[PDB]
Amino acid sequence: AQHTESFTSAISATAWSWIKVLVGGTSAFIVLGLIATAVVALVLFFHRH
Amino acid sequence: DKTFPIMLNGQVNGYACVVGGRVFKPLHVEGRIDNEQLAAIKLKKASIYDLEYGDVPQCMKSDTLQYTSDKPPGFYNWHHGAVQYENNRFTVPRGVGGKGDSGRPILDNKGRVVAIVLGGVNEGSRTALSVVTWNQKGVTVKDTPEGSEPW
(Lines give C-alpha, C1' and ligand atoms only; values in the text may rest on other atoms or scores of the structure.)
Protein backbone atom coordinates (compact mmCIF):
# COMPACT_ATOMS: atom_id res chain seq x y z
CA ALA A 1 0.00 0.00 0.00
CA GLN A 2 1.14 3.53 -0.79
CA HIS A 3 -0.97 5.11 1.96
CA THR A 4 -1.09 4.53 5.73
CA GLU A 5 -3.97 3.30 7.87
CA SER A 6 -5.13 5.39 10.83
CA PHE A 7 -7.70 4.97 13.59
CA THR A 8 -10.38 7.19 12.03
CA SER A 9 -9.89 6.12 8.41
CA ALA A 10 -12.87 3.75 8.39
CA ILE A 11 -15.48 5.98 10.08
CA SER A 12 -18.06 7.27 7.61
CA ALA A 13 -20.41 10.24 8.03
CA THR A 14 -23.41 8.23 9.24
CA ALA A 15 -21.27 6.12 11.58
CA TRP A 16 -19.85 9.25 13.20
CA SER A 17 -23.31 10.84 13.45
CA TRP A 18 -24.71 7.66 15.01
CA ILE A 19 -22.24 7.52 17.88
CA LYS A 20 -22.50 11.24 18.63
CA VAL A 21 -26.28 10.85 18.88
CA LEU A 22 -25.84 8.04 21.43
CA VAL A 23 -23.15 10.04 23.27
CA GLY A 24 -25.41 13.09 23.47
CA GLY A 25 -28.57 11.15 24.34
CA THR A 26 -27.25 9.46 27.49
CA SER A 27 -25.56 12.68 28.60
CA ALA A 28 -28.87 14.52 28.16
CA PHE A 29 -30.72 12.00 30.34
CA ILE A 30 -28.18 12.44 33.15
CA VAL A 31 -28.37 16.24 33.16
CA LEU A 32 -32.17 16.03 33.00
CA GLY A 33 -32.08 14.01 36.22
CA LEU A 34 -29.37 16.23 37.72
CA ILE A 35 -31.40 19.39 37.02
CA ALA A 36 -34.52 17.93 38.66
CA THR A 37 -32.60 16.59 41.67
CA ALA A 38 -31.34 20.03 42.72
CA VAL A 39 -34.62 21.78 41.83
CA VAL A 40 -36.61 19.90 44.48
CA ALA A 41 -33.90 20.56 47.06
CA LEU A 42 -34.53 24.28 46.50
CA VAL A 43 -38.29 23.98 46.97
CA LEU A 44 -37.74 21.80 50.05
CA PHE A 45 -35.47 24.54 51.42
CA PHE A 46 -38.09 27.19 50.56
CA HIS A 47 -41.09 25.55 52.23
CA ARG A 48 -39.39 25.82 55.63
CA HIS A 49 -38.81 29.57 55.25
CA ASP B 1 -58.34 10.65 72.40
CA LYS B 2 -56.67 7.72 70.60
CA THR B 3 -52.85 7.55 70.50
CA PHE B 4 -51.53 4.01 70.71
CA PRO B 5 -47.95 3.56 72.00
CA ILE B 6 -45.20 1.39 70.52
CA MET B 7 -43.93 -1.65 72.41
CA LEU B 8 -40.43 -3.13 72.36
CA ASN B 9 -39.75 -5.96 74.87
CA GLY B 10 -42.38 -4.55 77.25
CA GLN B 11 -41.00 -1.07 77.85
CA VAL B 12 -42.63 1.97 76.25
CA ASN B 13 -40.39 3.91 73.86
CA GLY B 14 -42.62 5.36 71.13
CA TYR B 15 -46.09 6.68 70.39
CA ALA B 16 -48.20 6.42 67.23
CA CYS B 17 -51.07 8.79 66.49
CA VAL B 18 -54.11 8.60 64.21
CA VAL B 19 -55.22 11.60 62.14
CA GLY B 20 -58.04 12.07 59.65
CA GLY B 21 -57.28 9.67 56.82
CA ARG B 22 -53.83 8.44 57.90
CA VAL B 23 -51.67 7.08 60.73
CA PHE B 24 -48.26 8.34 61.89
CA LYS B 25 -45.17 6.77 63.43
CA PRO B 26 -41.75 8.33 64.13
CA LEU B 27 -38.57 6.88 62.65
CA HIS B 28 -36.31 7.29 65.70
CA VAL B 29 -37.82 4.26 67.47
CA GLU B 30 -38.08 0.55 66.68
CA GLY B 31 -40.87 -1.69 67.88
CA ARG B 32 -44.24 -3.25 67.19
CA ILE B 33 -47.62 -1.64 67.81
CA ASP B 34 -49.66 -3.75 70.23
CA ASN B 35 -52.86 -3.17 68.22
CA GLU B 36 -53.44 -6.01 65.77
CA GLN B 37 -55.36 -3.80 63.33
CA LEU B 38 -52.48 -1.29 63.44
CA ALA B 39 -49.77 -3.92 62.91
CA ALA B 40 -50.74 -5.40 59.52
CA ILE B 41 -50.61 -2.01 57.77
CA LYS B 42 -47.77 -1.45 55.30
CA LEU B 43 -45.99 1.46 57.00
CA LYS B 44 -43.65 2.86 54.34
CA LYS B 45 -40.52 4.80 55.27
CA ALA B 46 -39.90 8.36 54.09
CA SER B 47 -37.76 11.46 54.58
CA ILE B 48 -38.01 14.01 57.41
CA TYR B 49 -41.50 14.94 56.14
CA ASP B 50 -42.63 11.62 57.75
CA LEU B 51 -44.95 10.02 55.21
CA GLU B 52 -46.75 6.92 56.49
CA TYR B 53 -49.69 4.90 55.16
CA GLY B 54 -53.19 4.97 56.62
CA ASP B 55 -54.48 1.78 55.00
CA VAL B 56 -57.02 1.11 57.80
CA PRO B 57 -60.68 1.50 56.68
CA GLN B 58 -63.14 4.29 57.43
CA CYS B 59 -65.01 2.82 60.41
CA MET B 60 -62.39 3.92 62.97
CA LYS B 61 -60.77 6.64 60.83
CA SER B 62 -60.46 10.32 61.89
CA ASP B 63 -60.20 10.19 65.66
CA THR B 64 -58.80 13.73 65.48
CA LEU B 65 -58.48 16.41 62.81
CA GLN B 66 -55.28 18.13 61.69
CA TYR B 67 -55.01 21.87 62.26
CA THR B 68 -56.23 24.38 59.67
CA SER B 69 -54.60 27.68 58.70
CA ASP B 70 -54.58 30.97 60.72
CA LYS B 71 -52.32 29.79 63.54
CA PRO B 72 -52.01 32.28 66.44
CA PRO B 73 -49.29 32.20 69.12
CA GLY B 74 -52.07 31.48 71.63
CA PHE B 75 -52.88 28.53 73.89
CA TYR B 76 -52.15 24.97 72.74
CA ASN B 77 -52.74 21.87 74.83
CA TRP B 78 -50.24 19.11 75.56
CA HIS B 79 -50.24 15.76 77.36
CA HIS B 80 -47.98 16.98 80.18
CA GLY B 81 -49.18 20.60 80.11
CA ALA B 82 -49.55 23.49 77.67
CA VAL B 83 -47.57 25.38 75.03
CA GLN B 84 -48.06 28.91 73.62
CA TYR B 85 -45.85 29.32 70.55
CA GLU B 86 -46.21 29.11 66.76
CA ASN B 87 -42.82 29.96 65.20
CA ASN B 88 -40.91 27.82 67.73
CA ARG B 89 -42.08 25.59 70.57
CA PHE B 90 -42.57 26.79 74.13
CA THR B 91 -40.02 26.61 76.95
CA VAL B 92 -41.82 23.94 78.95
CA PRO B 93 -40.27 23.11 82.36
CA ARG B 94 -38.62 19.83 83.37
CA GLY B 95 -40.37 16.51 83.82
CA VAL B 96 -41.32 16.57 80.16
CA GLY B 97 -38.11 15.98 78.26
CA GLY B 98 -37.42 12.39 79.25
CA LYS B 99 -37.23 9.42 76.89
CA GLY B 100 -39.88 7.71 74.79
CA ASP B 101 -42.18 10.74 74.47
CA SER B 102 -41.74 10.94 70.68
CA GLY B 103 -44.92 11.03 68.63
CA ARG B 104 -47.16 12.57 71.29
CA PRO B 105 -49.48 15.02 69.49
CA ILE B 106 -49.80 18.72 70.28
CA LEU B 107 -53.43 19.85 70.17
CA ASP B 108 -55.26 23.17 70.13
CA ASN B 109 -58.15 24.25 72.37
CA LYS B 110 -60.68 22.68 69.98
CA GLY B 111 -59.11 19.20 70.09
CA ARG B 112 -57.36 19.59 66.73
CA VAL B 113 -53.79 18.32 66.38
CA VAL B 114 -51.16 20.89 65.35
CA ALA B 115 -47.70 19.33 65.73
CA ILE B 116 -46.05 15.98 66.48
CA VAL B 117 -42.91 16.01 68.62
CA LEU B 118 -39.72 14.17 67.68
CA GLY B 119 -36.82 15.63 69.68
CA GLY B 120 -35.44 18.27 71.98
CA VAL B 121 -34.53 16.49 75.26
CA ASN B 122 -33.19 19.39 77.34
CA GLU B 123 -31.84 22.74 76.15
CA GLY B 124 -31.09 24.29 79.54
CA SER B 125 -33.54 26.56 81.33
CA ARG B 126 -35.57 26.84 78.11
CA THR B 127 -36.49 23.53 76.47
CA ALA B 128 -37.36 23.47 72.77
CA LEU B 129 -39.18 20.78 70.80
CA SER B 130 -38.36 19.63 67.28
CA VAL B 131 -41.77 19.11 65.67
CA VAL B 132 -43.39 18.89 62.25
CA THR B 133 -46.07 21.34 61.15
CA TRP B 134 -47.58 23.04 58.11
CA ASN B 135 -45.81 26.31 57.37
CA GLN B 136 -48.03 28.76 55.51
CA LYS B 137 -50.21 27.02 52.90
CA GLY B 138 -50.53 23.50 54.28
CA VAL B 139 -47.14 22.24 53.06
CA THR B 140 -45.84 19.92 55.78
CA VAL B 141 -42.39 21.02 56.97
CA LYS B 142 -40.06 19.85 59.75
CA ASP B 143 -38.70 22.32 62.31
CA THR B 144 -35.57 21.50 64.33
CA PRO B 145 -33.90 23.90 66.79
CA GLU B 146 -30.16 23.78 67.37
CA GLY B 147 -28.73 20.80 69.23
CA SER B 148 -31.97 18.79 69.17
CA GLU B 149 -31.24 15.23 70.27
CA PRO B 150 -33.71 12.51 69.15
CA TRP B 151 -36.32 12.32 71.91
# chains A, B, ... in the order shown; residues from 1 in each chain; ligands from 1
>>> residues_around(residues="region 123-133 of chain B", least_positions_apart="3", cutoff="10 Å", atoms="only C-alpha atoms", output="JSON, numbers by chain")
{"A": [48], "B": [48, 49, 50, 66, 67, 86, 88, 89, 90, 91, 92, 93, 94, 96, 97, 102, 103, 105, 106, 113, 114, 115, 116, 117, 118, 119, 120, 136, 138, 139, 140, 141, 142, 143, 144, 145, 146, 147, 148, 149, 150, 151]}
>>> interface_residues(of="chain A", to="chain B", cutoff="10 Å", atoms="only C-alpha atoms", output="PyMOL selection string")
chain A and resi 44-49
>>> residues_around(residues="residue 44 (chain B)", least_positions_apart="6", cutoff="9 Å", atoms="only C-alpha atoms", output="ChimeraX atom specification")
/B:51-53
>>> residues_around(residues="residue 43 (chain B)", least_positions_apart="5", cutoff="12 Å", atoms="only C-alpha atoms", output="PDB file with N, CA, C and O atoms, in the first residue's frame")
ATOM      1  N   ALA B  16     -47.646   6.307  68.570  1.00  0.00           N
ATOM      2  CA  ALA B  16     -48.197   6.417  67.225  1.00  0.00           C
ATOM      3  C   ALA B  16     -49.578   7.050  67.305  1.00  0.00           C
ATOM      4  O   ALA B  16     -50.407   6.633  68.118  1.00  0.00           O
ATOM      5  N   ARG B  22     -55.169   9.025  57.905  1.00  0.00           N
ATOM      6  CA  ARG B  22     -53.834   8.438  57.905  1.00  0.00           C
ATOM      7  C   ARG B  22     -53.417   8.118  59.335  1.00  0.00           C
ATOM      8  O   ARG B  22     -54.084   8.498  60.300  1.00  0.00           O
ATOM      9  N   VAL B  23     -52.298   7.402  59.453  1.00  0.00           N
ATOM     10  CA  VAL B  23     -51.671   7.081  60.726  1.00  0.00           C
ATOM     11  C   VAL B  23     -50.220   7.556  60.645  1.00  0.00           C
ATOM     12  O   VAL B  23     -49.654   7.705  59.560  1.00  0.00           O
ATOM     13  N   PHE B  24     -49.639   7.862  61.805  1.00  0.00           N
ATOM     14  CA  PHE B  24     -48.265   8.344  61.890  1.00  0.00           C
ATOM     15  C   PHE B  24     -47.448   7.499  62.853  1.00  0.00           C
ATOM     16  O   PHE B  24     -47.978   6.899  63.791  1.00  0.00           O
ATOM     17  N   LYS B  25     -46.139   7.487  62.616  1.00  0.00           N
ATOM     18  CA  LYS B  25     -45.170   6.769  63.429  1.00  0.00           C
ATOM     19  C   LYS B  25     -43.786   7.374  63.220  1.00  0.00           C
ATOM     20  O   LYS B  25     -43.341   7.519  62.074  1.00  0.00           O
ATOM     21  N   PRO B  26     -43.089   7.757  64.287  1.00  0.00           N
ATOM     22  CA  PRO B  26     -41.747   8.331  64.132  1.00  0.00           C
ATOM     23  C   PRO B  26     -40.718   7.277  63.748  1.00  0.00           C
ATOM     24  O   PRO B  26     -40.887   6.080  63.986  1.00  0.00           O
ATOM     25  N   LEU B  27     -39.629   7.751  63.142  1.00  0.00           N
ATOM     26  CA  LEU B  27     -38.572   6.876  62.647  1.00  0.00           C
ATOM     27  C   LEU B  27     -37.419   6.694  63.625  1.00  0.00           C
ATOM     28  O   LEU B  27     -36.518   5.896  63.345  1.00  0.00           O
ATOM     29  N   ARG B  32     -42.996  -2.771  67.772  1.00  0.00           N
ATOM     30  CA  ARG B  32     -44.240  -3.249  67.187  1.00  0.00           C
ATOM     31  C   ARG B  32     -45.416  -2.649  67.942  1.00  0.00           C
ATOM     32  O   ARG B  32     -45.423  -2.637  69.178  1.00  0.00           O
ATOM     33  N   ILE B  33     -46.398  -2.141  67.197  1.00  0.00           N
ATOM     34  CA  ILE B  33     -47.622  -1.641  67.806  1.00  0.00           C
ATOM     35  C   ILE B  33     -48.428  -2.814  68.345  1.00  0.00           C
ATOM     36  O   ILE B  33     -48.599  -3.839  67.670  1.00  0.00           O
ATOM     37  N   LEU B  38     -53.494  -2.279  63.761  1.00  0.00           N
ATOM     38  CA  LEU B  38     -52.484  -1.285  63.435  1.00  0.00           C
ATOM     39  C   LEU B  38     -51.116  -1.907  63.190  1.00  0.00           C
ATOM     40  O   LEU B  38     -50.131  -1.176  63.046  1.00  0.00           O
ATOM     41  N   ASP B  50     -41.949  12.689  57.008  1.00  0.00           N
ATOM     42  CA  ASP B  50     -42.630  11.622  57.754  1.00  0.00           C
ATOM     43  C   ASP B  50     -43.953  11.214  57.093  1.00  0.00           C
ATOM     44  O   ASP B  50     -45.046  11.433  57.619  1.00  0.00           O
ATOM     45  N   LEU B  51     -43.819  10.617  55.909  1.00  0.00           N
ATOM     46  CA  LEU B  51     -44.952  10.019  55.212  1.00  0.00           C
ATOM     47  C   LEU B  51     -45.140   8.583  55.684  1.00  0.00           C
ATOM     48  O   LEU B  51     -44.205   7.776  55.629  1.00  0.00           O
ATOM     49  N   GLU B  52     -46.341   8.273  56.154  1.00  0.00           N
ATOM     50  CA  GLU B  52     -46.754   6.921  56.493  1.00  0.00           C
ATOM     51  C   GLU B  52     -48.035   6.600  55.728  1.00  0.00           C
ATOM     52  O   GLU B  52     -48.559   7.429  54.981  1.00  0.00           O
ATOM     53  N   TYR B  53     -48.544   5.385  55.917  1.00  0.00           N
ATOM     54  CA  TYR B  53     -49.690   4.896  55.158  1.00  0.00           C
ATOM     55  C   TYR B  53     -50.840   4.584  56.102  1.00  0.00           C
ATOM     56  O   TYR B  53     -50.701   3.747  56.999  1.00  0.00           O
ATOM     57  N   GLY B  54     -51.965   5.264  55.902  1.00  0.00           N
ATOM     58  CA  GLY B  54     -53.191   4.969  56.617  1.00  0.00           C
ATOM     59  C   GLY B  54     -54.102   4.023  55.863  1.00  0.00           C
ATOM     60  O   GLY B  54     -55.142   4.442  55.347  1.00  0.00           O
ATOM     61  N   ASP B  55     -53.725   2.749  55.782  1.00  0.00           N
ATOM     62  CA  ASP B  55     -54.481   1.776  55.002  1.00  0.00           C
ATOM     63  C   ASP B  55     -55.664   1.182  55.757  1.00  0.00           C
ATOM     64  O   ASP B  55     -56.381   0.350  55.188  1.00  0.00           O
ATOM     65  N   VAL B  56     -55.880   1.571  57.010  1.00  0.00           N
ATOM     66  CA  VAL B  56     -57.020   1.111  57.802  1.00  0.00           C
ATOM     67  C   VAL B  56     -58.305   1.692  57.219  1.00  0.00           C
ATOM     68  O   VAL B  56     -58.281   2.799  56.665  1.00  0.00           O
TER      69      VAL B  56
END
>>> select_by_dssp(residues="chain B", states="strand (DSSP E or B)", output="PyMOL selection string")
chain B and resi 3-8+11-19+22-23+32-33+66+76-77+82-83+92+105-107+113-119+127+130-134+140-143+150
>>> residues_around(residues="residue 5 (chain B)", least_positions_apart="4", cutoff="8 Å", atoms="only C-alpha atoms", output="mmCIF file with N, CA, C and O atoms, in the first residue's frame")
data_model
loop_
_atom_site.group_PDB
_atom_site.id
_atom_site.type_symbol
_atom_site.label_atom_id
_atom_site.label_comp_id
_atom_site.auth_asym_id
_atom_site.auth_seq_id
_atom_site.Cartn_x
_atom_site.Cartn_y
_atom_site.Cartn_z
ATOM 1 N N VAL B 12 -42.030 1.004 77.164
ATOM 2 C CA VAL B 12 -42.631 1.971 76.252
ATOM 3 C C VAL B 12 -41.542 2.919 75.769
ATOM 4 O O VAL B 12 -40.843 3.539 76.578
ATOM 5 N N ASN B 13 -41.398 3.036 74.448
ATOM 6 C CA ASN B 13 -40.388 3.906 73.863
ATOM 7 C C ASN B 13 -40.887 4.757 72.705
ATOM 8 O O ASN B 13 -40.134 5.615 72.234
ATOM 9 N N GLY B 14 -42.113 4.557 72.232
ATOM 10 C CA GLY B 14 -42.624 5.355 71.134
ATOM 11 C C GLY B 14 -44.131 5.455 71.190
ATOM 12 O O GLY B 14 -44.804 4.676 71.872
ATOM 13 N N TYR B 15 -44.657 6.437 70.461
ATOM 14 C CA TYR B 15 -46.089 6.682 70.386
ATOM 15 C C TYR B 15 -46.501 6.876 68.935
ATOM 16 O O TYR B 15 -45.795 7.532 68.164
ATOM 17 N N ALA B 16 -47.646 6.307 68.570
ATOM 18 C CA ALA B 16 -48.197 6.417 67.225
ATOM 19 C C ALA B 16 -49.578 7.050 67.305
ATOM 20 O O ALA B 16 -50.407 6.633 68.118
ATOM 21 N N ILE B 33 -46.398 -2.141 67.197
ATOM 22 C CA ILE B 33 -47.622 -1.641 67.806
ATOM 23 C C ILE B 33 -48.428 -2.814 68.345
ATOM 24 O O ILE B 33 -48.599 -3.839 67.670
ATOM 25 N N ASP B 34 -48.915 -2.677 69.581
ATOM 26 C CA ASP B 34 -49.657 -3.752 70.229
ATOM 27 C C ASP B 34 -51.043 -3.969 69.632
ATOM 28 O O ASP B 34 -51.632 -5.034 69.848
#
>>> closest_residue(among="B:101, B:107, B:60, B:9", to="residue 83 (chain B)", atoms="only C-alpha atoms")
B:107
